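Structure file coords-v6.cif (mmCIF, C-alpha atoms and all ligand atoms) follows.
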data_query
loop_
_atom_site.group_PDB
_atom_site.id
_atom_site.type_symbol
_atom_site.label_atom_id
_atom_site.label_comp_id
_atom_site.auth_asym_id
_atom_site.auth_seq_id
_atom_site.Cartn_x
_atom_site.Cartn_y
_atom_site.Cartn_z
ATOM 1 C CA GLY V 606 114.179 86.216 99.757
ATOM 2 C CA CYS V 607 112.465 86.363 103.142
ATOM 3 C CA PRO V 608 112.377 83.641 105.792
ATOM 4 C CA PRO V 609 109.258 81.487 105.826
ATOM 5 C CA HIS V 610 106.223 83.209 107.422
ATOM 6 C CA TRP V 611 107.527 86.565 106.210
ATOM 7 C CA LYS V 612 106.221 88.582 103.254
ATOM 8 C CA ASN V 613 108.393 90.665 100.959
ATOM 9 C CA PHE V 614 107.780 94.205 99.704
ATOM 10 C CA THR V 615 110.672 95.892 97.868
ATOM 11 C CA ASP V 616 113.803 95.017 99.886
ATOM 12 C CA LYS V 617 112.084 94.465 103.234
ATOM 13 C CA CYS V 618 110.425 91.530 104.973
ATOM 14 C CA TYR V 619 107.283 91.736 107.070
ATOM 15 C CA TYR V 620 105.646 89.438 109.572
ATOM 16 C CA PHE V 621 101.892 89.774 110.071
ATOM 17 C CA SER V 622 101.432 88.164 113.480
ATOM 18 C CA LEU V 623 99.002 85.488 114.543
ATOM 19 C CA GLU V 624 100.179 86.361 118.040
ATOM 20 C CA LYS V 625 98.150 88.897 120.050
ATOM 21 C CA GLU V 626 100.023 90.972 122.668
ATOM 22 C CA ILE V 627 100.175 94.311 124.498
ATOM 23 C CA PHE V 628 102.413 96.927 122.854
ATOM 24 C CA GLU V 629 105.585 96.322 124.871
ATOM 25 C CA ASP V 630 105.317 92.578 124.403
ATOM 26 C CA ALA V 631 104.834 93.061 120.648
ATOM 27 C CA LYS V 632 107.907 95.310 120.554
ATOM 28 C CA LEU V 633 109.861 92.615 122.379
ATOM 29 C CA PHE V 634 108.715 89.870 120.000
ATOM 30 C CA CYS V 635 109.986 91.673 116.903
ATOM 31 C CA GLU V 636 113.301 92.433 118.624
ATOM 32 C CA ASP V 637 113.774 88.704 119.239
ATOM 33 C CA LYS V 638 113.472 88.264 115.460
ATOM 34 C CA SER V 639 116.034 90.995 114.730
ATOM 35 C CA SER V 640 113.197 93.231 113.517
ATOM 36 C CA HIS V 641 111.107 96.153 114.759
ATOM 37 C CA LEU V 642 107.389 96.929 114.964
ATOM 38 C CA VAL V 643 106.622 98.206 111.455
ATOM 39 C CA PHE V 644 107.469 101.780 110.407
ATOM 40 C CA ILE V 645 105.103 102.906 107.643
ATOM 41 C CA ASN V 646 106.954 105.546 105.604
ATOM 42 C CA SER V 647 104.825 105.895 102.455
ATOM 43 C CA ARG V 648 101.402 105.426 100.893
ATOM 44 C CA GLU V 649 102.710 102.499 98.819
ATOM 45 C CA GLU V 650 103.961 100.645 101.885
ATOM 46 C CA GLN V 651 100.688 101.530 103.635
ATOM 47 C CA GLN V 652 98.574 100.142 100.801
ATOM 48 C CA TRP V 653 100.574 96.909 100.615
ATOM 49 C CA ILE V 654 100.234 96.519 104.383
ATOM 50 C CA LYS V 655 96.503 97.239 104.205
ATOM 51 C CA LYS V 656 95.818 94.242 101.974
ATOM 52 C CA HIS V 657 97.621 91.890 104.366
ATOM 53 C CA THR V 658 95.690 93.035 107.420
ATOM 54 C CA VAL V 659 92.010 93.072 106.485
ATOM 55 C CA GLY V 660 90.036 91.513 109.320
ATOM 56 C CA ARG V 661 88.635 92.301 112.764
ATOM 57 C CA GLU V 662 91.968 92.290 114.588
ATOM 58 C CA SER V 663 94.000 95.492 114.913
ATOM 59 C CA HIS V 664 97.746 95.576 114.237
ATOM 60 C CA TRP V 665 100.320 97.415 116.340
ATOM 61 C CA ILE V 666 102.801 99.544 114.341
ATOM 62 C CA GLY V 667 106.030 101.071 115.719
ATOM 63 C CA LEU V 668 104.572 104.490 116.567
ATOM 64 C CA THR V 669 103.971 106.079 119.990
ATOM 65 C CA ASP V 670 103.680 109.422 121.780
ATOM 66 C CA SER V 671 104.629 108.194 125.261
ATOM 67 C CA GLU V 672 107.730 110.394 125.410
ATOM 68 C CA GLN V 673 105.639 113.534 124.935
ATOM 69 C CA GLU V 674 101.872 113.484 124.409
ATOM 70 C CA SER V 675 100.898 114.368 120.815
ATOM 71 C CA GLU V 676 104.492 114.086 119.608
ATOM 72 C CA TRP V 677 104.319 110.880 117.570
ATOM 73 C CA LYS V 678 107.561 109.163 116.566
ATOM 74 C CA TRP V 679 108.636 105.761 115.300
ATOM 75 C CA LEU V 680 110.539 103.500 117.681
ATOM 76 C CA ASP V 681 113.823 104.553 116.087
ATOM 77 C CA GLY V 682 113.136 108.116 117.192
ATOM 78 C CA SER V 683 112.150 109.359 113.727
ATOM 79 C CA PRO V 684 109.320 111.941 113.817
ATOM 80 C CA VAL V 685 106.169 110.883 111.975
ATOM 81 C CA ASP V 686 106.161 112.027 108.350
ATOM 82 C CA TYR V 687 103.618 110.138 106.227
ATOM 83 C CA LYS V 688 100.460 109.670 108.339
ATOM 84 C CA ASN V 689 97.176 107.794 107.962
ATOM 85 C CA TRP V 690 95.123 108.538 111.075
ATOM 86 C CA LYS V 691 91.395 107.967 110.786
ATOM 87 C CA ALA V 692 89.541 111.301 110.978
ATOM 88 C CA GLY V 693 89.168 112.352 114.605
ATOM 89 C CA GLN V 694 92.172 110.293 115.686
ATOM 90 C CA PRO V 695 94.416 110.376 117.647
ATOM 91 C CA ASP V 696 91.984 111.216 120.443
ATOM 92 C CA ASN V 697 93.965 110.105 123.523
ATOM 93 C CA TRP V 698 90.754 108.600 124.923
ATOM 94 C CA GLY V 699 90.685 108.344 128.709
ATOM 95 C CA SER V 700 93.443 110.876 129.397
ATOM 96 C CA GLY V 701 91.331 112.152 132.274
ATOM 97 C CA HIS V 702 91.990 109.061 134.377
ATOM 98 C CA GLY V 703 95.360 107.911 133.075
ATOM 99 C CA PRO V 704 98.054 108.322 130.362
ATOM 100 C CA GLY V 705 95.454 108.031 127.615
ATOM 101 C CA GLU V 706 96.355 106.337 124.332
ATOM 102 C CA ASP V 707 100.017 106.465 123.378
ATOM 103 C CA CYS V 708 100.417 103.465 121.067
ATOM 104 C CA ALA V 709 99.402 103.304 117.394
ATOM 105 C CA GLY V 710 97.778 100.517 115.413
ATOM 106 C CA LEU V 711 95.975 99.728 112.162
ATOM 107 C CA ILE V 712 92.179 99.413 112.248
ATOM 108 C CA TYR V 713 89.500 99.212 109.535
ATOM 109 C CA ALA V 714 90.664 99.948 105.997
ATOM 110 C CA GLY V 715 94.204 100.273 107.308
ATOM 111 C CA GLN V 716 93.613 103.650 108.986
ATOM 112 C CA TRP V 717 95.511 104.446 112.180
ATOM 113 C CA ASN V 718 94.134 104.775 115.669
ATOM 114 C CA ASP V 719 95.736 105.393 119.044
ATOM 115 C CA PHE V 720 95.124 102.708 121.683
ATOM 116 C CA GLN V 721 95.973 102.381 125.371
ATOM 117 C CA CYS V 722 99.247 100.457 125.306
ATOM 118 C CA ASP V 723 97.800 97.606 127.384
ATOM 119 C CA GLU V 724 95.340 96.621 124.652
ATOM 120 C CA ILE V 725 95.875 93.150 123.178
ATOM 121 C CA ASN V 726 96.407 93.482 119.395
ATOM 122 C CA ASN V 727 98.085 91.560 116.574
ATOM 123 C CA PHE V 728 101.171 93.263 115.174
ATOM 124 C CA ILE V 729 103.573 93.680 112.275
ATOM 125 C CA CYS V 730 107.357 93.258 112.311
ATOM 126 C CA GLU V 731 109.684 94.690 109.696
ATOM 127 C CA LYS V 732 113.293 93.982 108.774
ATOM 128 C CA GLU V 733 115.832 93.901 105.969
ATOM 129 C CA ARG V 734 115.981 91.032 103.521
ATOM 130 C CA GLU V 735 119.364 89.335 103.749
HETATM 131 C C1 LIG Z 1 80.648 102.667 115.846
HETATM 132 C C2 LIG Z 1 81.734 102.802 116.902
HETATM 133 O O1 LIG Z 1 81.713 103.752 117.692
HETATM 134 N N1 LIG Z 1 82.678 101.868 116.917
HETATM 135 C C3 LIG Z 1 83.486 101.676 118.102
HETATM 136 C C4 LIG Z 1 84.876 102.284 117.906
HETATM 137 O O2 LIG Z 1 84.760 103.705 117.708
HETATM 138 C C5 LIG Z 1 85.000 104.142 116.401
HETATM 139 O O3 LIG Z 1 86.391 104.088 116.046
HETATM 140 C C6 LIG Z 1 87.236 105.008 116.778
HETATM 141 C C7 LIG Z 1 88.665 104.799 116.296
HETATM 142 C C8 LIG Z 1 86.755 106.445 116.562
HETATM 143 O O4 LIG Z 1 86.888 106.791 115.191
HETATM 144 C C9 LIG Z 1 85.292 106.567 116.983
HETATM 145 O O5 LIG Z 1 84.820 107.880 116.732
HETATM 146 C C10 LIG Z 1 84.440 105.558 116.217
HETATM 147 O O6 LIG Z 1 83.105 105.613 116.697
HETATM 148 C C11 LIG Z 1 85.732 102.002 119.142
HETATM 149 O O7 LIG Z 1 87.069 102.488 118.934
HETATM 150 C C12 LIG Z 1 87.621 103.225 119.968
HETATM 151 O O8 LIG Z 1 87.040 104.539 119.947
HETATM 152 C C13 LIG Z 1 87.529 105.377 121.019
HETATM 153 C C14 LIG Z 1 86.770 106.689 120.942
HETATM 154 O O9 LIG Z 1 85.428 106.532 121.381
HETATM 155 C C15 LIG Z 1 89.048 105.571 120.892
HETATM 156 O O10 LIG Z 1 89.343 106.311 119.720
HETATM 157 C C16 LIG Z 1 89.760 104.215 120.835
HETATM 158 O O11 LIG Z 1 91.127 104.418 120.522
HETATM 159 C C17 LIG Z 1 89.131 103.313 119.770
HETATM 160 O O12 LIG Z 1 89.695 102.015 119.861
HETATM 161 C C18 LIG Z 1 85.766 100.496 119.416
HETATM 162 C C19 LIG Z 1 86.521 100.161 120.685
HETATM 163 O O13 LIG Z 1 85.982 100.862 121.797
HETATM 164 O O14 LIG Z 1 84.418 99.992 119.577
HETATM 165 C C20 LIG Z 1 83.614 100.183 118.405
HETATM 166 O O15 LIG Z 1 82.356 99.662 118.658
HETATM 167 CA CA CA Z 2 109.055 100.748 106.623
HETATM 168 CA CA CA Z 3 99.915 109.957 127.038
HETATM 169 CA CA CA Z 4 98.686 109.911 123.443
HETATM 170 CA CA CA Z 5 92.040 106.416 119.740
#
In structure tokens, what does this structure look like?
Amino acid sequence: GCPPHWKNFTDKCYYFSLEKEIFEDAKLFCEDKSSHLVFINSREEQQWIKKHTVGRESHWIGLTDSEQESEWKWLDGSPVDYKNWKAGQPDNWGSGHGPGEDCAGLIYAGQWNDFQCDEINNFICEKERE
């Protein structure tokens, strides 16, 4: 029920990018597809996503704390509920010389980590099946 290149999970469609881009460019790419950087709302969605992203590349998800440091929300303004940060993260590395890390992404085993938004990562788009 999803366009080619997209994977289905329940009634949603996901795109696991081959493209590598900084956060804002990733956000823009999904918007051009009438989708948004993935919002992970449950352990089941997290697990399904995990199996489609094993590999060395990291994947941007639609979560940031740019508006207010430590206040993580999805792009649609929804406050983070379900969470899967790796222990010790988010650490806002480098805050002493800049804005730190305000963009979230999936790393090993699917855990979340905060990156500087100018880091080049793969990404995941999400949208409704039509
Ligand atoms: C063995 C090692 O240190 N690997 C490096 C990554 O660091 C690990 O993963 C991060 C997410 C933390 O859990 C570290 O404690 C752990 O050692 C390292 O990842 C970067 O770590 C930064 C903190 O030192 C920060 O969290 C950043 O967001 C994260 O990307 C990567 C990239 O520098 O290199 C591995 O070698
Ligand atoms: Ca979702
Ligand atoms: Ca910040
Ligand atoms: Ca931050
Ligand atoms: Ca980090």
- Straight-line distance linking CA of residue 679 in chain V with CA of residue 639 in chain V, stated in Å to one decimal: 16.5 Å
- Could you tell me, counting only C-alpha atoms and all ligand atoms, which protein and nucleic acid residues lie no more than 7 Å from ligand CA 2 (chain Z), written as a ChimeraX atom specification? /V:643-646,650,731
Write a file of the just-selected residues containing C-alpha atoms, as a CSV table (one decimal), in the frame of the given file.
chain,number,residue,atom,x,y,z
V,643,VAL,CA,106.6,98.2,111.5
V,644,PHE,CA,107.5,101.8,110.4
V,645,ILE,CA,105.1,102.9,107.6
V,646,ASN,CA,107.0,105.5,105.6
V,650,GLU,CA,104.0,100.6,101.9
V,731,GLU,CA,109.7,94.7,109.7
- Extract, using all atoms listed in the file, all DNA, RNA and protein residues at most 9 Å from residue 680 in chain V, discarding same-chain residues fewer than 2 positions from it, and format them as number ranges by chain. V: 641-642, 644, 667-669, 678, 682-683
- Task: Go through the chains and note each residue within 12 Å of ligand CA 4 (chain Z), using all atoms listed in the file, then give the set as a PyMOL selection string.
- Result: chain V and resi 668-678+694-701+703-709+718-722
Starting from the shown file, work through the PyMOL selection byres (((chain V and resi 656) around 12) and not hetatm) and note down what comes out as a CSV table (one decimal) with C-alpha atoms, in the coordinates of the input.
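Generated file (result16.csv):
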chain,number,residue,atom,x,y,z
V,612,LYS,CA,106.2,88.6,103.3
V,621,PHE,CA,101.9,89.8,110.1
V,649,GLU,CA,102.7,102.5,98.8
V,650,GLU,CA,104.0,100.6,101.9
V,651,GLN,CA,100.7,101.5,103.6
V,652,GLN,CA,98.6,100.1,100.8
V,653,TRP,CA,100.6,96.9,100.6
V,654,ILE,CA,100.2,96.5,104.4
V,655,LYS,CA,96.5,97.2,104.2
V,657,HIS,CA,97.6,91.9,104.4
V,658,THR,CA,95.7,93.0,107.4
V,659,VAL,CA,92.0,93.1,106.5
V,660,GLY,CA,90.0,91.5,109.3
V,711,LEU,CA,96.0,99.7,112.2
V,713,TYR,CA,89.5,99.2,109.5
V,714,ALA,CA,90.7,99.9,106.0
V,715,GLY,CA,94.2,100.3,107.3
V,716,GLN,CA,93.6,103.6,109.0
- Of the residues V:725, V:635, V:712, V:623, which is the one nearest to ligand CA 5 (chain Z), using all atoms listed in the file?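 Once distances to ligand CA 5 (chain Z) are computed over all atoms listed in the file, the minimum belongs to V:712.
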- Using all atoms listed in the file: which of V:702, V:616, V:640, V:688 has the shortest distance to ligand CA 3 (chain Z):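 Among the listed residues, V:702 lies closest to ligand CA 3 (chain Z).
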- Message: When the PyMOL selection byres (((chain V and resi 662-664) around 7) and not hetatm) is applied to the structure above, which residues does it catch, written out as a PyMOL selection string?
- Response: chain V and resi 660-661+665-666+710-712+726-729
Can you spit out the residues from that selection as a short mmCIF file (atom, residue, chain, number, x, y, z; two decimals), in the coordinates of the input, using C-alpha atoms?
data_model
loop_
_atom_site.label_atom_id
_atom_site.label_comp_id
_atom_site.auth_asym_id
_atom_site.auth_seq_id
_atom_site.Cartn_x
_atom_site.Cartn_y
_atom_site.Cartn_z
CA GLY V 660 90.04 91.51 109.32
CA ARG V 661 88.64 92.30 112.76
CA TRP V 665 100.32 97.42 116.34
CA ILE V 666 102.80 99.54 114.34
CA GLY V 710 97.78 100.52 115.41
CA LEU V 711 95.98 99.73 112.16
CA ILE V 712 92.18 99.41 112.25
CA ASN V 726 96.41 93.48 119.40
CA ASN V 727 98.08 91.56 116.57
CA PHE V 728 101.17 93.26 115.17
CA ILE V 729 103.57 93.68 112.28
#
- Message: Using Å and a single decimal, report how far CA of residue 629 in chain V sits from atom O11 of ligand LIG 1 (chain Z).
- Response: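 It comes out at 17.1 Å.
When CA of residue 608 in chain V is paired with CA of residue 622 in chain V, their separation reads 14.1 Å.
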Centre and size of axis-aligned box enclosing range 652-661 of chain V plus 4 Å each side, as JSON:
{"center_x": 94.6, "center_y": 95.8, "center_z": 106.7, "size_x": 19.9, "size_y": 16.6, "size_z": 20.1}
- Which residue of V:734, V:686, V:723, V:691 approaches ligand CA 5 (chain Z) most closely, using all atoms listed in the file: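 Comparing V:734, V:686, V:723, V:691 against ligand CA 5 (chain Z), the winner is V:691.
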